[PDB]
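Step one of this worksheet: look at the structure below.
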There are 4 protein chains.
Amino acid sequence: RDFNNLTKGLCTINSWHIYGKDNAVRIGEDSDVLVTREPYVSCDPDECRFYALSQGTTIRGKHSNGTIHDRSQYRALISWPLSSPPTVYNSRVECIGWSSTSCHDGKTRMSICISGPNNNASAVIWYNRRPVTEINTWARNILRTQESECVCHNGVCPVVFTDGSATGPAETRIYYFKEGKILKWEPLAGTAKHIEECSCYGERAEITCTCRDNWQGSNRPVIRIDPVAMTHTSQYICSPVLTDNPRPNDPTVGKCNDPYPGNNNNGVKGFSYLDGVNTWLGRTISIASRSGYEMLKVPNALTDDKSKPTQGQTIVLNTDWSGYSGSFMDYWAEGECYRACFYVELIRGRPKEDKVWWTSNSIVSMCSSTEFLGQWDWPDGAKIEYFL
Amino acid sequence: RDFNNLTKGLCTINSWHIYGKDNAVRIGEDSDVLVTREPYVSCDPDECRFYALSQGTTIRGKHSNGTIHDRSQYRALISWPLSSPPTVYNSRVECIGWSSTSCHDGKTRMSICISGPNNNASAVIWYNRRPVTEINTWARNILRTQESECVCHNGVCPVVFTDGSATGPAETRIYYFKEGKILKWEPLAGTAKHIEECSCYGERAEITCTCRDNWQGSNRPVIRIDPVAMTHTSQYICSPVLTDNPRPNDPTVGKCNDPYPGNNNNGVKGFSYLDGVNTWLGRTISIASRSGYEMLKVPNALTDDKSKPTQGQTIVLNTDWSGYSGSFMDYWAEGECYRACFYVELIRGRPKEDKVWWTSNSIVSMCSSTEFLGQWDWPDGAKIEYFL
Amino acid sequence: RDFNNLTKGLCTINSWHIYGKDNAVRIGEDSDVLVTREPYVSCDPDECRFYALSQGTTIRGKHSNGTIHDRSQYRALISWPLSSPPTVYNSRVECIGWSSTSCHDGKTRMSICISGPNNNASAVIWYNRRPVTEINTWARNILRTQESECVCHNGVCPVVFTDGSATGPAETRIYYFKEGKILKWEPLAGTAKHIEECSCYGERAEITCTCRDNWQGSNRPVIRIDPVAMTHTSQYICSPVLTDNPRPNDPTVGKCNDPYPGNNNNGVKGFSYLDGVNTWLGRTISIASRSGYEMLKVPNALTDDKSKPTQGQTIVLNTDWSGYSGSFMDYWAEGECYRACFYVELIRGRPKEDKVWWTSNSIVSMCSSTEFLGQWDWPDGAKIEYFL
Amino acid sequence: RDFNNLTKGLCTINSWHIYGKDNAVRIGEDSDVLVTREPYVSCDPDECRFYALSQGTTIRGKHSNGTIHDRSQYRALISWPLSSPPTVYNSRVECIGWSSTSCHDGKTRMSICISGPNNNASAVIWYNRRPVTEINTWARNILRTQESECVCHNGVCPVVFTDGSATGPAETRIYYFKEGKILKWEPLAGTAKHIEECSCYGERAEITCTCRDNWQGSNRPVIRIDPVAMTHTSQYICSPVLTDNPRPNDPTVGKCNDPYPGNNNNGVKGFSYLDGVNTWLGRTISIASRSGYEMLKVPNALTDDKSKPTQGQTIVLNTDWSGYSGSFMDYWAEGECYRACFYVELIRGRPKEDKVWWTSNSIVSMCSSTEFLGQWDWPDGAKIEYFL
Ligand SMILES: *[C@@H]1O[C@H](CO)[C@@H](O[C@@H]2O[C@H](CO)[C@@H](O[C@@H]3O[C@H](CO[C@H]4O[C@H](CO)[C@@H](O)[C@H](O[C@H]5O[C@H](CO)[C@@H](O)[C@H](O)[C@@H]5O)[C@@H]4O)[C@@H](O)[C@H](O[C@H]4O[C@H](CO)[C@@H](O)[C@H](O)[C@@H]4O[C@H]4O[C@H](CO)[C@@H](O)[C@H](O)[C@@H]4O[C@H]4O[C@H](CO)[C@@H](O)[C@H](O)[C@@H]4O)[C@@H]3O)[C@H](O)[C@H]2NC(C)=O)[C@H](O)[C@H]1NC(C)=O
Ligand SMILES: *[C@@H]1O[C@H](CO)[C@@H](O[C@@H]2O[C@H](CO)[C@@H](O[C@@H]3O[C@H](CO[C@H]4O[C@H](CO)[C@@H](O)[C@H](O[C@H]5O[C@H](CO)[C@@H](O)[C@H](O)[C@@H]5O)[C@@H]4O)[C@@H](O)[C@H](O[C@H]4O[C@H](CO)[C@@H](O)[C@H](O)[C@@H]4O[C@H]4O[C@H](CO)[C@@H](O)[C@H](O)[C@@H]4O[C@H]4O[C@H](CO)[C@@H](O)[C@H](O)[C@@H]4O)[C@@H]3O)[C@H](O)[C@H]2NC(C)=O)[C@H](O)[C@H]1NC(C)=O
Ligand SMILES: *[C@@H]1O[C@H](CO)[C@@H](O[C@@H]2O[C@H](CO)[C@@H](O[C@@H]3O[C@H](CO[C@H]4O[C@H](CO)[C@@H](O)[C@H](O[C@H]5O[C@H](CO)[C@@H](O)[C@H](O)[C@@H]5O)[C@@H]4O)[C@@H](O)[C@H](O[C@H]4O[C@H](CO)[C@@H](O)[C@H](O)[C@@H]4O[C@H]4O[C@H](CO)[C@@H](O)[C@H](O)[C@@H]4O[C@H]4O[C@H](CO)[C@@H](O)[C@H](O)[C@@H]4O)[C@@H]3O)[C@H](O)[C@H]2NC(C)=O)[C@H](O)[C@H]1NC(C)=O
Ligand SMILES: *[C@@H]1O[C@H](CO)[C@@H](O[C@@H]2O[C@H](CO)[C@@H](O[C@@H]3O[C@H](CO[C@H]4O[C@H](CO)[C@@H](O)[C@H](O[C@H]5O[C@H](CO)[C@@H](O)[C@H](O)[C@@H]5O)[C@@H]4O)[C@@H](O)[C@H](O[C@H]4O[C@H](CO)[C@@H](O)[C@H](O)[C@@H]4O[C@H]4O[C@H](CO)[C@@H](O)[C@H](O)[C@@H]4O[C@H]4O[C@H](CO)[C@@H](O)[C@H](O)[C@@H]4O)[C@@H]3O)[C@H](O)[C@H]2NC(C)=O)[C@H](O)[C@H]1NC(C)=O
Ligand SMILES: CC(=O)N[C@@H]1[C@@H](O)[C@@H](F)[C@](F)(C(=O)O)O[C@H]1C[C@H](O)CO
Ligand SMILES: CC(=O)N[C@@H]1[C@@H](O)[C@@H](F)[C@](F)(C(=O)O)O[C@H]1C[C@H](O)CO
Ligand SMILES: CC(=O)N[C@@H]1[C@@H](O)[C@@H](F)[C@](F)(C(=O)O)O[C@H]1C[C@H](O)CO
Ligand SMILES: CC(=O)N[C@@H]1[C@@H](O)[C@@H](F)[C@](F)(C(=O)O)O[C@H]1C[C@H](O)CO
Ligand SMILES: CC(=O)N[C@@H]1[C@@H](O)[C@@H](F)C(C(=O)O)=[O+][C@H]1C[C@H](O)CO
Ligand SMILES: [Ca+2]
Ligand SMILES: [Ca+2]
Ligand SMILES: [Ca+2]
Ligand SMILES: [Ca+2]
């Protein structure tokens, strides 16, 4: 009925409780589960759902052969009920394409899918399940966006896009949408040197995005957006607790306004919640591959170039595969504060498990507790050998 | 609540963006997907859906053997959520039969299915999911209709039917329905010499249908209908850019009031949007078979017998199978103009791929953009060899 | 909102048009379709659905072995969307048991299932999807009811039950329900000598049921019920056009108040519409087995012991299996009269096709037209050999 | 709209009628049915549903190997339509974990899942499908709860938890929730010496729970809770009709305030309805294993240490497997009294049927009748050999 406004601050994060888990690959071993990757979670005022890019085949289907590839005509943004698997029979298609974002503004949902060949991609912006706006590639090199939910304030839903090189300077733009229409866009500003796959959350009328510097940075760039003034800035997380992957070993002092060097041309989508002493960072446990996942409480990580962990929680053991992770919150829960949440994509199959011809994932997701809860670990749980 | 009125003109068509794609044959390789053909798309005020004639079997089922045949007791008009595949578990049956049309008048949906043996077929007209009117065969030779959506204006939904020869003069009638009841019908008038499978759209209180002259014409007949006066006329697209299939090579000058010769007794359902300089024609790229699909901007194609393309867009490469194509619009979108849309049926299996015993299709669909968007191609994507 | 009242007469029946067909056995060859038998159709004010007794297994499942048996703990009344098949994933369970009826009174649905061993069965009467009343066996011999929809008038929904011998005198009772509670019951009166499986319809405040005399009659008993006075009478169809199965050949004169002899201890559920000159009878074409199905217009069949057909329609060829048939109408359609409808169960498998270990059916259903429509035939369409 | 209040007494229980049965294992032999255990039933004001702990795999799936284990990261509370099976495509996930309860307070549903390793488990309390409260393990030994529905009165929904030894003293707490928040909790009081898996029901503003003393008792402990004062007491069922399993043979005199000895360190979840002369107890027929199930009318069982059966009903024969059983009622049915209901879990597979590698169940459920209804027995019905 009214546009949602970001009027609350973050709740105190003292631990993470289990929120949703779909066990998709385990169940998909013998049921009609779509192959996916690049999942996320997003809430409407009455329902929270799982989202992902389908590969337009089931995991047991012969067409799963080749699904390591990221961009094909057979991909689509799909959504499905929380903690169910993305099946053929219960998945709703939001739009067609191989890069996406989606968010509800309090009245209805905007969803964005990019499709096309590398040199001629375009974004279609859907609002209230109708296409409204289209945006053509500006740099003719894989126009691409967040792969997790956007955030809205009073109708204004900013979205970060990047078009251009994955291994050198690219052209990043912030579009400010309302009802699916472009109110304004700006080129990237501040000191972030490369931006991909922003993970965003909203509190007290401000939107914070933690992104992936694929080119040089093992610290993560951060964009902070004012959705009333429609202006932004960017920097890196200052902390020596480095949160991309792959990455070098943690130093004692990080970098605020430049990429922390050591790994070039690679990375993973990730997120953080940056809120003074209430600051938690996600990362893979391995510095080498997408294995393991932990949350670390790192007070003032954004602004303190020597901040180190004061607390932590294991999400996925380093003997289990992880993948993309990102932020969402239920902006429509009752209560005085917004409860931080996140998901981790648990990638199975290629390239690490190459006895199968497919790549897919399942999802685990947690939200914060003000309790100090006991931890478990949350692996995908499938036995690859069953698929041989 | 009120009947919809065609009060808008067409938006400017500067390119086509991806709208929906179900990847049915790829997914159907290992999931319970119904065999179909003759698909289309149609919008209600709150939802747009895929439609097709089911063959009353799954593609992996042994009963798919023989589904090259067009008319059996096991066919039905089914609909299903946009870009999902037509599965056993998510397909809604509209009515029983082997030829159909369907359209929403703003209050509720009329759907029409024809069934019966060739010499004794009948149409049942459903309105608000109840049968209301029945129409018996008048020429005792395969009573048949549009195979794509009809259009309504103030409750009046005209529908084109043909009964009689596919290879000689036949009896074409235009019925004017309201709430499922016959207000009036007229025999075909104007200069179109044979009519099948009209693809219709509505703008500024007028309904334009592009049809298939199966008997002699490689140019397409056009019926223009006034749904207030309930009168119509017909002619052919004047343009030398010939849009049936199979067809001869394009000439320099077309024919306005007669079939353009060169191919007899064959054709394919197709469509155009005819709007002065804003005129786009669809066709197969091959002149010989249902391969490839392109959109061509052909200014004043309807009225200019020498008009040639000023712009174009590839939809399906000539190394991929196409099939039937037709028009629909979301008459209930917000905004100042109606956004032209279309689908292309991507036929797989027999007769061209005869190593399988079945015939089926999947669907791709696009709508117009006022941007000049980059193009991709959109094949079915299934590997027939997986089905061997 | 209000109880429905039977305030209309029957429409003129000049032919039958196709209404619904689920092709369940064809589709069930390779999808998760439940084994059923004893199907029917029943309308709510907003929706008409298919109903049947499930056998609590799929047709391809190993537990379909043995489903020739009528009464087990694994049966339930299920319903599902019109013309879809009864699948595991789309079938709604109404209640548990192996004999049923169901009807909507304009406010909500009453459904009745009987379960139990032969000597200790009981009916549970559900209303608004809650159990309300229970009725214990009175004759300790397979308490059983209509296997097709009941009819309501001003809240009053009479239902016919029989308890006792299938091959001799039994105890038949008519219960008058309102909101699931017993207002009254009466023992069978009039001249019908044995009653099973009544097929009912309602017009002008009167409910007519055509039933099965399993003991002696090849003519069908008829119960006429006044749902305001809650009284009834019974007789047989007088016509020599005999409509049970198996049966002797048709005579020239039938019997009004006694069973027409020639076949003992056997029969099939069937129906008629008895409305003066507007009278149509259903029967199997074979006098020997459940093969073929036709509708015959037999003016004054109920009251004229020499009435013969003046018109007819083939529904199922005598080279195709039929089965149970029964009546329903959409009491909530718009218009001045009620449109007669019926279904025919198309039984496949045992005992006639004993190369499979299962028994199941699919459904075909038609409603009357005031047109003289062309006829087709409507077989199940499955190839038993595919199931070997 | 308003919180439900327990304002009715129990209806007179003269027998039990069949309520729901899903036949899950029979159907699951060839369809995508999830492996479960620990099922129950719970009503909302408009719908009653089946609930269970999923094992995050189908029964035919290779991941069903190992599902004898109770606690894994792949378990979740799921619900699904009454008498349908828990399939991949129709099961709704309530929350993630391996121990649960759920109840509707008249406005919305509270659901509670516990997850974690044995020494660090936590409960998450969901209300209106959002997480609201979290409770950390207090005794670091498998925090666990009812495995059947809780009961609410005026918003207050008490829940029994136990943390600590299964074979010695443990710490049992009663939490009083409202809108998902903790109003109060108390440590267990009264004379019950060990509490697990309480089966609860509500009448005349009082909640009665029959539980499992795993440590020493073959009589069942009972907790009676006042949800207005938020206080409780506990004792055992006094009756010599002993209702745990395994158990010694029935004596002539039971124990009111102590465990009846004979079996240590084992038991099964069960229930009773304790209402003076209207008192019925459930138990397994075997004293040795979870085989058979009967209901016994035992007047004043709670308070009379010599009470013996005056009536009974067989639910499951002693030649069929049973399992957990528990109580629920439809608090929103019309009428002057609440109708007692219960379910029995029918466990199949390991450890008793060890030719399969899985453990699963199906469900049967009954409600009371004021009639003296004939009895049937209600086995799972699957043939284990089909799964070999
Ligand atoms: C039941 O559940 C409980 C709740 O989960 C669980 O208790 C939790 O236990 C976990 C696991 O131990 C704790 O997480 C750790 O937290 C560490 C920080 O806390 C320490 O440091 C603080 C600041 O000085 C102290 O305040 C704090 O003390 C207080 O709390 C204590 C409770 O544990 C209590 O006993 C104390 O007396 C006191 O009150 C405490 O001493 C955190 O540092 C640690 O993370 C590091 O270690 C992990 C390896 O285990 C790494 O995976 C992680 O990445 C961090 O180390 C890496 O990075 C650092 C920063 O750069 C580097 O310095 C390190 O060298 C290391 O770097 C290497 O590895 C990297 C990752 O691979 C790589 O990138 C680098 O390049 C390099 O190779 C962990 O998060 C959690 O906080 C506890 N929670 C609570 C509320 O207590 C309990 O155990 C369970 N109970 C049972 C019975 O099972
Ligand atoms: C990224 O995305 C971009 C957007 O899609 C894409 O750019 C697009 O490129 C396509 C593919 O080239 C363009 O489509 C073509 O459009 C042609 C018409 O445009 C020409 O002619 C105009 C009129 O004289 C000129 O105004 C126009 O110039 C302007 O625009 C230019 C941009 O391309 C610019 O460079 C110019 O300087 C200027 O500003 C331009 O010169 C259209 O004619 C063509 O269709 C024909 O060709 C296809 C074969 O390629 C056939 O499949 C098609 O059927 C048409 O040819 C057939 O039919 C004609 C009519 O009868 C016959 O004359 C021909 O002989 C031929 O007939 C044979 O074949 C038939 C079909 O099989 C058969 O039936 C016959 O019997 C016979 O055998 C095509 O549609 C598109 O317009 C561009 N869109 C835009 C906005 O620019 C860009 O390339 C992508 N970028 C990258 C980097 O990949
Ligand atoms: C396109 O669609 C059209 C619409 O469906 C279709 O036309 C229809 O054609 C069917 C099939 O022929 C017609 O059904 C038949 O109707 C017969 C009754 O009509 C006749 O009798 C009337 C009364 O005297 C005449 O008024 C009537 O004449 C009028 O209409 C004519 C149109 O056909 C027109 O030409 C005339 O000039 C005139 O205006 C007409 O003469 C009906 O009797 C018949 O049923 C019997 O026959 C079937 C065998 O074909 C049996 O299966 C059926 O059971 C009936 O016969 C059995 O039972 C009788 C009663 O006891 C016995 O007397 C018989 O001996 C026989 O009994 C044996 O078999 C039993 C069943 O197995 C068994 O139980 C017994 O023991 C014994 O063994 C049939 O229903 C239909 O009415 C036409 N509809 C219309 C509107 O015209 C048209 O053909 C299709 N067009 C094309 C081009 O394909
Ligand atoms: C059609 O449907 C009808 C409705 O279901 C069905 O009739 C029902 O029949 C069942 C099965 O017989 C009845 O259930 C039994 O009820 C017994 C109690 O009723 C008796 O005792 C009363 C009190 O003295 C008498 O009032 C009562 O008489 C009245 O009713 C009669 C109707 O049957 C009528 O004929 C009379 O004239 C009169 O009006 C009647 O005499 C109940 O005791 C019995 O339960 C015990 O027996 C079962 C074994 O069959 C055990 O499984 C069960 O556990 C109970 O025995 C065990 O426990 C007792 C208590 O400790 C011990 O004393 C026993 O020794 C025994 O203990 C062993 O076994 C235990 C379990 O394994 C073990 O734990 C122990 O350690 C030890 O090893 C049973 O519930 C039902 O009440 C009838 N219902 C009605 C309304 O009539 C009818 O038969 C069907 N009709 C047809 C035609 O099929
Ligand atoms: C899931 C998994 O086995 N992760 C291990 C981790 O347990 C660990 F052994 C590791 F060496 C690592 O990268 O930390 O190697 C991973 C595999 C490797 O980095 C890419 O092949
Ligand atoms: C899909 C496909 O292969 N189309 C080719 C086109 O690529 C092309 F090669 C063609 F020759 C054509 O008709 O244009 O032949 C088609 C096949 C043929 O016309 C019928 O067999
Ligand atoms: C379906 C079918 O084949 N019906 C034929 C009918 O075509 C016919 F040949 C018949 F002889 C008949 O009963 O009319 O026999 C049926 C089979 C038989 O009565 C029982 O086996
Ligand atoms: C289902 C079943 O066979 N139950 C029988 C009962 O029929 C019975 F024979 C029994 F001995 C019993 O425990 O009563 O043994 C059960 C199996 C045993 O207790 C554990 O293996
Ligand atoms: C939480 C848990 O492990 N519950 C299991 C249950 O899954 C189930 F497996 C079970 C059982 O079947 O007996 O026992 C309980 C635990 C007992 O109550 C002893 O404390
Ligand atoms: Ca990087
Ligand atoms: Ca032609
Ligand atoms: Ca008979
Ligand atoms: Ca015990």
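Naming scheme: A, B, ... for chains in displayed order of the structure tokens; residues 1 onward per chain; ligands 1 onward as shown.
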
Distance-based interface of chain A with chain B, 7 Å, counting only C-alpha atoms, as a PyMOL selection string
chain A and resi 32+56-58+61-63+73-74+89+93+95-96+116-117+120-122+134+136

Output the selection as a PDB file, in the first residue's frame - N, CA, C and O atoms for each residue.
ATOM      1  N   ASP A  32      12.597 -33.603  -9.726  1.00  0.00           N
ATOM      2  CA  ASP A  32      12.769 -32.685 -10.838  1.00  0.00           C
ATOM      3  C   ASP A  32      13.200 -31.305 -10.402  1.00  0.00           C
ATOM      4  O   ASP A  32      12.440 -30.306 -10.495  1.00  0.00           O
ATOM      5  N   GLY A  56      17.816 -23.802 -17.022  1.00  0.00           N
ATOM      6  CA  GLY A  56      16.871 -24.314 -17.959  1.00  0.00           C
ATOM      7  C   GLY A  56      17.060 -25.809 -18.236  1.00  0.00           C
ATOM      8  O   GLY A  56      16.926 -26.244 -19.419  1.00  0.00           O
ATOM      9  N   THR A  57      17.282 -26.594 -17.173  1.00  0.00           N
ATOM     10  CA  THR A  57      17.365 -28.071 -17.248  1.00  0.00           C
ATOM     11  C   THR A  57      17.285 -28.571 -15.820  1.00  0.00           C
ATOM     12  O   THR A  57      17.595 -27.824 -14.877  1.00  0.00           O
ATOM     13  N   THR A  58      16.922 -29.845 -15.626  1.00  0.00           N
ATOM     14  CA  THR A  58      17.039 -30.467 -14.285  1.00  0.00           C
ATOM     15  C   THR A  58      18.466 -31.004 -14.078  1.00  0.00           C
ATOM     16  O   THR A  58      19.222 -31.168 -15.041  1.00  0.00           O
ATOM     17  N   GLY A  61      18.698 -34.361 -15.600  1.00  0.00           N
ATOM     18  CA  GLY A  61      18.553 -34.306 -17.040  1.00  0.00           C
ATOM     19  C   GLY A  61      19.860 -34.309 -17.795  1.00  0.00           C
ATOM     20  O   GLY A  61      20.841 -33.730 -17.357  1.00  0.00           O
ATOM     21  N   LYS A  62      19.870 -34.941 -18.944  1.00  0.00           N
ATOM     22  CA  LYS A  62      21.077 -34.900 -19.803  1.00  0.00           C
ATOM     23  C   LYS A  62      21.562 -33.482 -20.141  1.00  0.00           C
ATOM     24  O   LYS A  62      22.765 -33.304 -20.310  1.00  0.00           O
ATOM     25  N   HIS A  63      20.662 -32.461 -20.215  1.00  0.00           N
ATOM     26  CA  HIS A  63      21.056 -31.025 -20.527  1.00  0.00           C
ATOM     27  C   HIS A  63      21.818 -30.335 -19.418  1.00  0.00           C
ATOM     28  O   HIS A  63      22.269 -29.183 -19.569  1.00  0.00           O
ATOM     29  N   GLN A  73      21.205 -18.761 -23.395  1.00  0.00           N
ATOM     30  CA  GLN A  73      19.843 -18.404 -23.677  1.00  0.00           C
ATOM     31  C   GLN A  73      18.840 -19.180 -22.844  1.00  0.00           C
ATOM     32  O   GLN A  73      17.624 -18.905 -22.965  1.00  0.00           O
ATOM     33  N   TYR A  74      19.303 -20.143 -22.026  1.00  0.00           N
ATOM     34  CA  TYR A  74      18.400 -21.061 -21.303  1.00  0.00           C
ATOM     35  C   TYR A  74      18.304 -20.703 -19.815  1.00  0.00           C
ATOM     36  O   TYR A  74      17.598 -21.406 -19.049  1.00  0.00           O
ATOM     37  N   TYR A  89       8.155 -27.622 -11.091  1.00  0.00           N
ATOM     38  CA  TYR A  89       6.733 -27.484 -10.859  1.00  0.00           C
ATOM     39  C   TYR A  89       6.417 -26.373  -9.833  1.00  0.00           C
ATOM     40  O   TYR A  89       5.292 -26.026  -9.678  1.00  0.00           O
ATOM     41  N   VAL A  93       9.053 -17.948 -12.856  1.00  0.00           N
ATOM     42  CA  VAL A  93      10.075 -17.198 -13.624  1.00  0.00           C
ATOM     43  C   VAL A  93       9.782 -15.681 -13.462  1.00  0.00           C
ATOM     44  O   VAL A  93       8.666 -15.244 -13.750  1.00  0.00           O
ATOM     45  N   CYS A  95      12.074 -13.310 -14.863  1.00  0.00           N
ATOM     46  CA  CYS A  95      12.468 -12.677 -16.157  1.00  0.00           C
ATOM     47  C   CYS A  95      13.596 -13.556 -16.751  1.00  0.00           C
ATOM     48  O   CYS A  95      14.149 -14.397 -16.052  1.00  0.00           O
ATOM     49  N   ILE A  96      13.970 -13.298 -18.002  1.00  0.00           N
ATOM     50  CA  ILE A  96      14.879 -14.164 -18.771  1.00  0.00           C
ATOM     51  C   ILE A  96      16.244 -13.499 -18.835  1.00  0.00           C
ATOM     52  O   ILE A  96      16.347 -12.281 -19.121  1.00  0.00           O
ATOM     53  N   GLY A 116      21.808 -11.565 -23.533  1.00  0.00           N
ATOM     54  CA  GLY A 116      22.446 -11.104 -24.763  1.00  0.00           C
ATOM     55  C   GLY A 116      23.828 -11.741 -24.906  1.00  0.00           C
ATOM     56  O   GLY A 116      24.363 -12.337 -23.963  1.00  0.00           O
ATOM     57  N   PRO A 117      24.447 -11.571 -26.088  1.00  0.00           N
ATOM     58  CA  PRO A 117      25.863 -12.026 -26.221  1.00  0.00           C
ATOM     59  C   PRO A 117      26.749 -11.036 -25.488  1.00  0.00           C
ATOM     60  O   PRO A 117      26.296  -9.915 -25.160  1.00  0.00           O
ATOM     61  N   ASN A 120      26.736  -7.276 -26.697  1.00  0.00           N
ATOM     62  CA  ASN A 120      25.480  -6.653 -27.084  1.00  0.00           C
ATOM     63  C   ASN A 120      24.348  -7.027 -26.068  1.00  0.00           C
ATOM     64  O   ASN A 120      23.199  -7.252 -26.454  1.00  0.00           O
ATOM     65  N   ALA A 121      24.699  -7.090 -24.785  1.00  0.00           N
ATOM     66  CA  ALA A 121      23.760  -7.405 -23.751  1.00  0.00           C
ATOM     67  C   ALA A 121      22.780  -6.229 -23.461  1.00  0.00           C
ATOM     68  O   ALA A 121      23.060  -5.040 -23.758  1.00  0.00           O
ATOM     69  N   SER A 122      21.617  -6.555 -22.890  1.00  0.00           N
ATOM     70  CA  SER A 122      20.704  -5.505 -22.392  1.00  0.00           C
ATOM     71  C   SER A 122      19.953  -5.959 -21.109  1.00  0.00           C
ATOM     72  O   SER A 122      19.681  -7.158 -20.914  1.00  0.00           O
ATOM     73  N   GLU A 134      14.147  -0.588 -20.582  1.00  0.00           N
ATOM     74  CA  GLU A 134      15.252  -1.406 -21.076  1.00  0.00           C
ATOM     75  C   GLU A 134      16.514  -0.588 -21.141  1.00  0.00           C
ATOM     76  O   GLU A 134      16.468   0.626 -21.426  1.00  0.00           O
ATOM     77  N   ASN A 136      20.481  -0.667 -22.750  1.00  0.00           N
ATOM     78  CA  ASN A 136      21.460  -1.311 -23.608  1.00  0.00           C
ATOM     79  C   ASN A 136      22.853  -1.223 -23.017  1.00  0.00           C
ATOM     80  O   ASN A 136      23.189  -0.256 -22.327  1.00  0.00           O
TER      81      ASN A 136
END

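Near ligand 1, the residues found within 6 Å are residues 241, 249, 250, 285, 286, 287, 296, 308, 309, 310, 311, 312, 313, 372, 373, 374 and 375 of chain A; 120 of chain D (criterion computed using only C-alpha atoms and all ligand atoms).
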
Which chains and residue numbers are within 10 Å of ligand 11, counting only C-alpha atoms and all ligand atoms, if I want them as an MDAnalysis selection string?
chainID B and resid 167 194:196 211:221 242:247 259:269

Of the residues A:36, A:291, A:55, A:172, which is the one nearest to ligand 5, using only C-alpha atoms and all ligand atoms?
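So, comparing all the options, the nearest one is A:291.
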